[PDB]
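Below is input-v4.txt, which holds compact mmCIF, N, CA and C atoms.
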# COMPACT_ATOMS: atom_id res chain seq x y z
N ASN A 239 32.89 23.80 -13.22
CA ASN A 239 33.98 24.61 -12.71
C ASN A 239 35.17 24.57 -13.65
N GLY A 240 35.09 23.81 -14.74
CA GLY A 240 36.19 23.70 -15.67
C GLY A 240 35.76 23.56 -17.11
N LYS A 241 36.70 23.79 -18.03
CA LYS A 241 36.40 23.81 -19.46
C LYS A 241 37.40 23.03 -20.30
N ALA A 242 36.88 22.13 -21.11
CA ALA A 242 35.47 21.80 -21.05
C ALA A 242 35.25 20.35 -21.46
N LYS A 243 34.34 19.70 -20.75
CA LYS A 243 34.04 18.29 -21.00
C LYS A 243 32.90 18.21 -21.99
N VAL A 244 33.20 17.74 -23.19
CA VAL A 244 32.19 17.55 -24.21
C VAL A 244 31.89 16.07 -24.28
N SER A 245 30.63 15.74 -24.54
CA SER A 245 30.25 14.36 -24.79
C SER A 245 30.08 14.17 -26.28
N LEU A 246 29.82 12.93 -26.66
CA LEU A 246 29.58 12.57 -28.04
C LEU A 246 28.60 11.42 -28.11
N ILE A 247 27.72 11.47 -29.10
CA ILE A 247 26.98 10.29 -29.49
C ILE A 247 27.05 10.20 -31.00
N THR A 248 27.73 9.17 -31.50
CA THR A 248 28.07 9.11 -32.91
C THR A 248 26.90 8.54 -33.71
N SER A 249 27.01 8.58 -35.03
CA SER A 249 25.87 8.30 -35.90
C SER A 249 25.21 6.97 -35.59
N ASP A 250 25.94 6.07 -34.93
CA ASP A 250 25.37 4.78 -34.57
C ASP A 250 24.20 4.95 -33.61
N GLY A 251 23.96 6.17 -33.14
CA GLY A 251 23.05 6.40 -32.05
C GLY A 251 23.66 6.11 -30.71
N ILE A 252 24.97 5.86 -30.66
CA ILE A 252 25.68 5.58 -29.43
C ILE A 252 26.66 6.71 -29.17
N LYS A 253 26.92 6.96 -27.90
CA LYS A 253 27.93 7.92 -27.52
C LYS A 253 29.31 7.39 -27.86
N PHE A 254 30.16 8.29 -28.34
CA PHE A 254 31.51 7.88 -28.72
C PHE A 254 32.16 7.13 -27.56
N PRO A 255 33.08 6.21 -27.84
CA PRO A 255 33.65 5.38 -26.77
C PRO A 255 34.00 6.15 -25.52
N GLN A 256 34.36 7.41 -25.62
CA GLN A 256 34.58 8.22 -24.45
C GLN A 256 34.17 9.65 -24.79
N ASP A 257 34.23 10.54 -23.81
CA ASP A 257 33.89 11.92 -24.05
C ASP A 257 35.09 12.59 -24.68
N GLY A 258 35.04 13.91 -24.74
CA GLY A 258 36.17 14.66 -25.23
C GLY A 258 36.24 15.99 -24.54
N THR A 259 37.37 16.67 -24.72
CA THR A 259 37.62 17.95 -24.09
C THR A 259 37.18 19.08 -25.00
N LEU A 260 36.29 19.93 -24.51
CA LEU A 260 36.03 21.17 -25.22
C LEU A 260 37.21 22.10 -25.01
N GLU A 261 37.83 22.53 -26.11
CA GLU A 261 39.00 23.38 -25.98
C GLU A 261 38.59 24.80 -25.59
N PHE A 262 37.63 25.37 -26.31
CA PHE A 262 37.28 26.77 -26.15
C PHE A 262 35.96 27.03 -26.85
N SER A 263 35.60 28.31 -26.91
CA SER A 263 34.55 28.80 -27.80
C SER A 263 35.09 30.03 -28.49
N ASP A 264 35.23 29.97 -29.81
CA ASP A 264 35.58 31.19 -30.52
C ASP A 264 34.33 32.03 -30.74
N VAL A 265 34.34 33.21 -30.13
CA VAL A 265 33.14 34.03 -30.02
C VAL A 265 32.74 34.64 -31.35
N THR A 266 33.60 34.61 -32.36
CA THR A 266 33.27 35.21 -33.64
C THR A 266 32.00 34.57 -34.18
N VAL A 267 31.01 35.39 -34.51
CA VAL A 267 29.78 34.87 -35.09
C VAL A 267 30.04 34.54 -36.54
N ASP A 268 29.89 33.27 -36.88
CA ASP A 268 30.21 32.86 -38.24
C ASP A 268 29.17 33.43 -39.19
N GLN A 269 29.64 34.18 -40.18
CA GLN A 269 28.75 35.00 -40.98
C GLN A 269 27.63 34.16 -41.58
N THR A 270 27.98 33.14 -42.36
CA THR A 270 27.00 32.38 -43.12
C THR A 270 26.42 31.20 -42.36
N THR A 271 27.03 30.81 -41.25
CA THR A 271 26.34 29.96 -40.29
C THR A 271 25.65 30.77 -39.22
N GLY A 272 25.95 32.07 -39.13
CA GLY A 272 25.40 32.88 -38.06
C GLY A 272 25.52 32.19 -36.73
N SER A 273 26.61 31.44 -36.54
CA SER A 273 26.64 30.44 -35.49
C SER A 273 28.02 30.44 -34.86
N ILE A 274 28.05 30.48 -33.53
CA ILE A 274 29.31 30.26 -32.85
C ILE A 274 29.74 28.82 -33.08
N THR A 275 31.03 28.58 -33.02
CA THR A 275 31.59 27.25 -33.17
C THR A 275 32.30 26.89 -31.88
N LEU A 276 32.26 25.61 -31.53
CA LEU A 276 33.06 25.11 -30.43
C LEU A 276 34.05 24.06 -30.93
N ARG A 277 35.33 24.33 -30.70
CA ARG A 277 36.38 23.38 -31.02
C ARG A 277 36.76 22.66 -29.74
N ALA A 278 36.41 21.38 -29.67
CA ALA A 278 36.72 20.54 -28.53
C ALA A 278 37.67 19.45 -29.00
N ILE A 279 38.92 19.53 -28.56
CA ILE A 279 39.92 18.54 -28.89
C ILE A 279 39.52 17.23 -28.23
N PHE A 280 39.56 16.14 -29.00
CA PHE A 280 39.20 14.85 -28.44
C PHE A 280 40.32 13.85 -28.65
N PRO A 281 40.60 13.01 -27.67
CA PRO A 281 41.50 11.89 -27.91
C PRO A 281 40.85 10.89 -28.85
N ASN A 282 41.60 10.51 -29.87
CA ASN A 282 41.12 9.55 -30.86
C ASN A 282 42.23 8.58 -31.27
N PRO A 283 43.01 8.09 -30.23
CA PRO A 283 44.06 7.16 -30.65
C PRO A 283 43.48 5.84 -31.16
N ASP A 284 42.28 5.51 -30.72
CA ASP A 284 41.62 4.28 -31.14
C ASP A 284 41.39 4.28 -32.65
N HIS A 285 41.88 5.32 -33.31
CA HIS A 285 41.73 5.45 -34.75
C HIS A 285 40.28 5.29 -35.17
N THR A 286 39.37 5.85 -34.38
CA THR A 286 37.95 5.76 -34.67
C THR A 286 37.41 7.03 -35.29
N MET A 287 37.58 8.16 -34.62
CA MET A 287 37.17 9.42 -35.20
C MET A 287 37.99 9.68 -36.45
N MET A 288 37.45 10.53 -37.31
CA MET A 288 38.09 10.79 -38.57
C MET A 288 38.04 12.29 -38.77
N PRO A 289 39.00 12.88 -39.49
CA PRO A 289 38.92 14.33 -39.70
C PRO A 289 37.61 14.66 -40.39
N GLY A 290 36.82 15.50 -39.73
CA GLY A 290 35.46 15.82 -40.15
C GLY A 290 34.58 14.63 -39.82
N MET A 291 33.31 14.85 -39.48
CA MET A 291 32.35 13.76 -39.48
C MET A 291 31.01 14.15 -40.12
N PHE B 801 18.41 26.27 -38.36
CA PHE B 801 17.29 27.18 -38.15
C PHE B 801 17.58 28.15 -37.03
N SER B 802 17.98 27.63 -35.87
CA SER B 802 18.09 28.42 -34.66
C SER B 802 18.85 29.72 -34.86
N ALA B 803 19.74 29.79 -35.84
CA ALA B 803 20.41 31.05 -36.11
C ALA B 803 19.49 32.02 -36.83
N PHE B 804 18.86 31.57 -37.92
CA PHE B 804 17.88 32.39 -38.61
C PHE B 804 16.47 32.06 -38.15
N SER B 805 16.32 31.12 -37.22
CA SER B 805 15.01 30.79 -36.72
C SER B 805 14.89 31.32 -35.30
N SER B 806 13.68 31.76 -34.98
CA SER B 806 13.31 32.09 -33.62
C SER B 806 11.83 31.78 -33.47
N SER B 807 11.49 31.21 -32.31
CA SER B 807 10.21 30.55 -32.14
C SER B 807 9.60 30.90 -30.80
N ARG B 808 8.30 30.64 -30.66
CA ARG B 808 7.63 30.95 -29.41
C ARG B 808 6.34 30.17 -29.26
N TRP B 809 5.83 30.20 -28.03
CA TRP B 809 4.49 29.72 -27.74
C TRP B 809 3.46 30.77 -28.05
N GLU B 810 2.26 30.28 -28.33
CA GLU B 810 1.09 31.13 -28.47
C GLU B 810 -0.07 30.26 -28.90
N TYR B 811 -1.24 30.88 -29.00
CA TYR B 811 -2.48 30.16 -29.24
C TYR B 811 -2.89 30.18 -30.69
N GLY B 812 -3.51 29.07 -31.08
CA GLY B 812 -4.31 29.02 -32.28
C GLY B 812 -5.44 28.04 -32.06
N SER B 813 -6.39 28.16 -32.85
CA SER B 813 -7.44 27.18 -32.63
C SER B 813 -7.03 25.85 -33.23
N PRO B 814 -7.28 24.76 -32.51
CA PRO B 814 -7.05 23.43 -33.08
C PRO B 814 -7.97 23.15 -34.24
N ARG B 815 -9.18 23.68 -34.14
CA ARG B 815 -10.23 23.44 -35.10
C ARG B 815 -10.79 24.80 -35.45
N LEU B 816 -11.45 24.90 -36.58
CA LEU B 816 -11.99 26.16 -37.04
C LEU B 816 -13.23 25.89 -37.87
N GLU B 817 -14.10 26.88 -37.96
CA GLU B 817 -15.36 26.77 -38.67
C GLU B 817 -15.62 28.03 -39.48
N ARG B 818 -16.54 27.89 -40.41
CA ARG B 818 -17.29 29.00 -40.96
C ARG B 818 -18.65 28.43 -41.30
N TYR B 819 -19.61 29.31 -41.53
CA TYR B 819 -20.95 28.88 -41.89
C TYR B 819 -21.46 29.78 -42.98
N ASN B 820 -21.92 29.18 -44.07
CA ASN B 820 -22.35 29.94 -45.23
C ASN B 820 -21.34 31.02 -45.55
N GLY B 821 -20.07 30.73 -45.32
CA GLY B 821 -19.01 31.66 -45.60
C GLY B 821 -18.86 32.79 -44.61
N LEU B 822 -19.08 32.54 -43.33
CA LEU B 822 -18.58 33.42 -42.30
C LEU B 822 -18.11 32.62 -41.11
N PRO B 823 -17.20 33.16 -40.32
CA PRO B 823 -16.78 32.46 -39.11
C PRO B 823 -18.00 32.18 -38.25
N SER B 824 -18.11 30.93 -37.82
CA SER B 824 -19.21 30.54 -36.96
C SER B 824 -18.67 29.85 -35.72
N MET B 825 -19.13 30.30 -34.56
CA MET B 825 -19.03 29.47 -33.38
C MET B 825 -20.38 28.80 -33.19
N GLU B 826 -20.44 27.52 -33.50
CA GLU B 826 -21.60 26.72 -33.20
C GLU B 826 -21.70 26.52 -31.71
N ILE B 827 -22.93 26.45 -31.22
CA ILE B 827 -23.19 26.27 -29.80
C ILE B 827 -24.39 25.36 -29.67
N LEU B 828 -24.28 24.36 -28.80
CA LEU B 828 -25.34 23.40 -28.57
C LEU B 828 -25.83 23.44 -27.14
N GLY B 829 -27.13 23.61 -27.04
CA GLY B 829 -27.81 23.58 -25.77
C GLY B 829 -29.21 23.08 -26.02
N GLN B 830 -30.01 23.10 -24.97
CA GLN B 830 -31.36 22.62 -25.10
C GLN B 830 -32.27 23.37 -24.15
N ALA B 831 -33.57 23.23 -24.40
CA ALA B 831 -34.57 23.83 -23.55
C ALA B 831 -34.49 23.23 -22.16
N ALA B 832 -34.49 24.09 -21.15
CA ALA B 832 -34.66 23.60 -19.80
C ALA B 832 -35.95 22.76 -19.76
N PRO B 833 -35.84 21.46 -19.44
CA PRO B 833 -37.03 20.60 -19.50
C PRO B 833 -38.20 21.22 -18.76
N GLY B 834 -39.40 21.01 -19.29
CA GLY B 834 -40.53 21.84 -18.94
C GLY B 834 -40.55 23.15 -19.69
N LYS B 835 -39.49 23.43 -20.44
CA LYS B 835 -39.49 24.51 -21.42
C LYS B 835 -39.54 23.91 -22.81
N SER B 836 -40.43 24.46 -23.62
CA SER B 836 -40.65 24.04 -24.98
C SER B 836 -39.79 24.87 -25.93
N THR B 837 -39.45 24.26 -27.07
CA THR B 837 -38.31 24.69 -27.87
C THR B 837 -38.16 26.20 -27.95
N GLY B 838 -39.05 26.84 -28.70
CA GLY B 838 -38.87 28.25 -29.00
C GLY B 838 -38.50 29.06 -27.77
N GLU B 839 -39.10 28.73 -26.63
CA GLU B 839 -38.80 29.47 -25.40
C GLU B 839 -37.30 29.55 -25.18
N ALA B 840 -36.61 28.43 -25.34
CA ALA B 840 -35.16 28.47 -25.26
C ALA B 840 -34.61 29.40 -26.33
N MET B 841 -35.09 29.22 -27.56
CA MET B 841 -34.55 29.94 -28.69
C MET B 841 -34.83 31.43 -28.58
N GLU B 842 -36.01 31.78 -28.12
CA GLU B 842 -36.30 33.17 -27.83
C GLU B 842 -35.22 33.76 -26.94
N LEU B 843 -35.01 33.14 -25.77
CA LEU B 843 -33.99 33.63 -24.85
C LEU B 843 -32.62 33.60 -25.52
N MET B 844 -32.37 32.60 -26.37
CA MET B 844 -31.16 32.62 -27.16
C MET B 844 -31.07 33.92 -27.94
N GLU B 845 -31.94 34.07 -28.94
CA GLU B 845 -31.95 35.26 -29.76
C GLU B 845 -31.87 36.51 -28.90
N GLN B 846 -32.74 36.58 -27.90
CA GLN B 846 -32.68 37.68 -26.95
C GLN B 846 -31.27 37.85 -26.42
N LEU B 847 -30.69 36.78 -25.88
CA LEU B 847 -29.34 36.86 -25.35
C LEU B 847 -28.36 37.28 -26.43
N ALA B 848 -28.71 37.05 -27.68
CA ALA B 848 -27.82 37.41 -28.77
C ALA B 848 -27.89 38.89 -29.08
N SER B 849 -29.08 39.46 -28.94
CA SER B 849 -29.35 40.83 -29.34
C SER B 849 -28.39 41.83 -28.71
N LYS B 850 -27.89 41.55 -27.52
CA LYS B 850 -27.08 42.50 -26.77
C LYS B 850 -25.60 42.37 -27.07
Could you render the structure as structure tokens?
Amino acid sequence: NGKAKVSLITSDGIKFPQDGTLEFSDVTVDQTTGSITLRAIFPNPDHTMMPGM
Amino acid sequence: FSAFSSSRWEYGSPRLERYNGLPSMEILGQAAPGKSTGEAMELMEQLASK
């Protein structure tokens, strides 16, 4: 009923310490990925996530 | 893949044959006991003719 709760499981094979919020879906079909993208803002004060993964 | 890939179910044979260079379906059976070999084979060939 709401948008949007994203989960994570990081390369360790474990889910990130907590989930994250899916912000939206930009409907533009990415030309060379031919792929929609989802930008989900996540809290990362634990200084764990890093820009890009 | 999923963007340039698209996939589906369908059939293929797990195993395949040919015989002397043609597709062969081998089939194994035997003479109904009290029936001697050729009798089975006759009915085989006969059953094949149609």
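In this model, the gap between atom N of residue 250 (chain A) and atom N of residue 291 (chain A) comes to 12.3 Å.
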Quiz item: Any idea which chain B residues end up within 8 Å of chain A if we count only N, CA and C atoms, as a PyMOL selection string please?
Solution: chain B and resi 802-804
Quiz prompt | chain A: residues DSSP assigns to strand (DSSP E or B), reported as an NGL selection string | solution = :A and (243-244 or 248 or 252 or 258-259 or 264-268 or 273-275)
Write the residues of the preceding selection, restricted to N, CA and C atoms, as a PDB file, in the frame of the given file.
ATOM      1  N   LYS A 243      34.340  19.700 -20.750  1.00  0.00           N
ATOM      2  CA  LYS A 243      34.040  18.290 -21.000  1.00  0.00           C
ATOM      3  C   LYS A 243      32.900  18.210 -21.990  1.00  0.00           C
ATOM      4  N   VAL A 244      33.200  17.740 -23.190  1.00  0.00           N
ATOM      5  CA  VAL A 244      32.190  17.550 -24.210  1.00  0.00           C
ATOM      6  C   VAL A 244      31.890  16.070 -24.280  1.00  0.00           C
ATOM      7  N   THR A 248      27.730   9.170 -31.500  1.00  0.00           N
ATOM      8  CA  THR A 248      28.070   9.110 -32.910  1.00  0.00           C
ATOM      9  C   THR A 248      26.900   8.540 -33.710  1.00  0.00           C
ATOM     10  N   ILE A 252      24.970   5.860 -30.660  1.00  0.00           N
ATOM     11  CA  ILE A 252      25.680   5.580 -29.430  1.00  0.00           C
ATOM     12  C   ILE A 252      26.660   6.710 -29.170  1.00  0.00           C
ATOM     13  N   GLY A 258      35.040  13.910 -24.740  1.00  0.00           N
ATOM     14  CA  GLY A 258      36.170  14.660 -25.230  1.00  0.00           C
ATOM     15  C   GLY A 258      36.240  15.990 -24.540  1.00  0.00           C
ATOM     16  N   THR A 259      37.370  16.670 -24.720  1.00  0.00           N
ATOM     17  CA  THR A 259      37.620  17.950 -24.090  1.00  0.00           C
ATOM     18  C   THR A 259      37.180  19.080 -25.000  1.00  0.00           C
ATOM     19  N   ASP A 264      35.230  29.970 -29.810  1.00  0.00           N
ATOM     20  CA  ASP A 264      35.580  31.190 -30.520  1.00  0.00           C
ATOM     21  C   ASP A 264      34.330  32.030 -30.740  1.00  0.00           C
ATOM     22  N   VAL A 265      34.340  33.210 -30.130  1.00  0.00           N
ATOM     23  CA  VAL A 265      33.140  34.030 -30.020  1.00  0.00           C
ATOM     24  C   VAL A 265      32.740  34.640 -31.350  1.00  0.00           C
ATOM     25  N   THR A 266      33.600  34.610 -32.360  1.00  0.00           N
ATOM     26  CA  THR A 266      33.270  35.210 -33.640  1.00  0.00           C
ATOM     27  C   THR A 266      32.000  34.570 -34.180  1.00  0.00           C
ATOM     28  N   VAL A 267      31.010  35.390 -34.510  1.00  0.00           N
ATOM     29  CA  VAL A 267      29.780  34.870 -35.090  1.00  0.00           C
ATOM     30  C   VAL A 267      30.040  34.540 -36.540  1.00  0.00           C
ATOM     31  N   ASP A 268      29.890  33.270 -36.880  1.00  0.00           N
ATOM     32  CA  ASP A 268      30.210  32.860 -38.240  1.00  0.00           C
ATOM     33  C   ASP A 268      29.170  33.430 -39.190  1.00  0.00           C
ATOM     34  N   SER A 273      26.610  31.440 -36.540  1.00  0.00           N
ATOM     35  CA  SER A 273      26.640  30.440 -35.490  1.00  0.00           C
ATOM     36  C   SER A 273      28.020  30.440 -34.860  1.00  0.00           C
ATOM     37  N   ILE A 274      28.050  30.480 -33.530  1.00  0.00           N
ATOM     38  CA  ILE A 274      29.310  30.260 -32.850  1.00  0.00           C
ATOM     39  C   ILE A 274      29.740  28.820 -33.080  1.00  0.00           C
ATOM     40  N   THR A 275      31.030  28.580 -33.020  1.00  0.00           N
ATOM     41  CA  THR A 275      31.590  27.250 -33.170  1.00  0.00           C
ATOM     42  C   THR A 275      32.300  26.890 -31.880  1.00  0.00           C
TER      43      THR A 275
END
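Computed from the coordinates, the atom N of residue 813 (chain B) to CA of residue 850 (chain B) distance equals 25.9 Å.
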At the level of C-alpha atoms, write chain A to a file as a JSON list (two decimals), in the first residue's frame, please.
[["chain", "number", "residue", "atom", "x", "y", "z"],
["A", 239, "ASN", "CA", 0.00, 0.00, 0.00],
["A", 240, "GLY", "CA", 3.07, 2.25, 0.06],
["A", 241, "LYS", "CA", 6.26, 3.09, -1.82],
["A", 242, "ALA", "CA", 8.63, 1.83, -1.34],
["A", 243, "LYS", "CA", 10.36, -0.64, 0.94],
["A", 244, "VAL", "CA", 13.44, -2.09, -0.72],
["A", 245, "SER", "CA", 15.51, -4.84, 0.82],
["A", 246, "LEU", "CA", 19.20, -5.51, 0.40],
["A", 247, "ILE", "CA", 21.54, -8.44, 0.56],
["A", 248, "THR", "CA", 25.12, -7.25, 0.20],
["A", 249, "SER", "CA", 28.02, -9.08, -1.42],
["A", 250, "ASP", "CA", 28.69, -10.90, 1.84],
["A", 251, "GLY", "CA", 25.62, -12.94, 0.96],
["A", 252, "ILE", "CA", 23.89, -11.18, 3.85],
["A", 253, "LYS", "CA", 21.12, -8.64, 3.75],
["A", 254, "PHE", "CA", 22.28, -5.12, 4.47],
["A", 255, "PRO", "CA", 21.97, -4.23, 8.18],
["A", 256, "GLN", "CA", 18.54, -2.83, 7.41],
["A", 257, "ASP", "CA", 16.26, -2.34, 4.43],
["A", 258, "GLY", "CA", 15.92, 0.86, 2.50],
["A", 259, "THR", "CA", 13.29, 3.08, 0.98],
["A", 260, "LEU", "CA", 12.54, 2.82, -2.71],
["A", 261, "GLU", "CA", 12.13, 6.43, -3.76],
["A", 262, "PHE", "CA", 10.47, 5.95, -7.15],
["A", 263, "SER", "CA", 10.75, 4.32, -10.55],
["A", 264, "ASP", "CA", 11.87, 6.49, -13.42],
["A", 265, "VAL", "CA", 9.90, 5.06, -16.30],
["A", 266, "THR", "CA", 12.38, 6.14, -18.98],
["A", 267, "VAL", "CA", 13.69, 3.01, -20.67],
["A", 268, "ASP", "CA", 17.43, 3.27, -20.48],
["A", 269, "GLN", "CA", 18.63, 3.04, -24.05],
["A", 270, "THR", "CA", 21.75, 0.91, -23.66],
["A", 271, "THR", "CA", 20.57, -0.94, -20.58],
["A", 272, "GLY", "CA", 17.12, -1.23, -22.14],
["A", 273, "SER", "CA", 16.23, -1.28, -18.49],
["A", 274, "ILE", "CA", 14.15, 0.72, -16.08],
["A", 275, "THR", "CA", 16.05, 1.93, -13.04],
["A", 276, "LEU", "CA", 14.86, 2.17, -9.46],
["A", 277, "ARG", "CA", 16.36, 4.80, -7.19],
["A", 278, "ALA", "CA", 15.71, 3.80, -3.59],
["A", 279, "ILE", "CA", 17.16, 6.20, -1.03],
["A", 280, "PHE", "CA", 18.67, 4.26, 1.85],
["A", 281, "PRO", "CA", 19.81, 5.37, 5.29],
["A", 282, "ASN", "CA", 23.54, 4.74, 5.55],
["A", 283, "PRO", "CA", 24.69, 6.68, 8.61],
["A", 284, "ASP", "CA", 26.52, 3.55, 9.77],
["A", 285, "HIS", "CA", 29.01, 4.61, 7.10],
["A", 286, "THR", "CA", 28.66, 1.17, 5.53],
["A", 287, "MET", "CA", 27.20, 1.71, 2.09],
["A", 288, "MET", "CA", 29.39, 3.56, -0.32],
["A", 289, "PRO", "CA", 28.55, 5.65, -3.39],
["A", 290, "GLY", "CA", 28.06, 2.97, -6.03],
["A", 291, "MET", "CA", 28.46, -0.69, -5.19]]
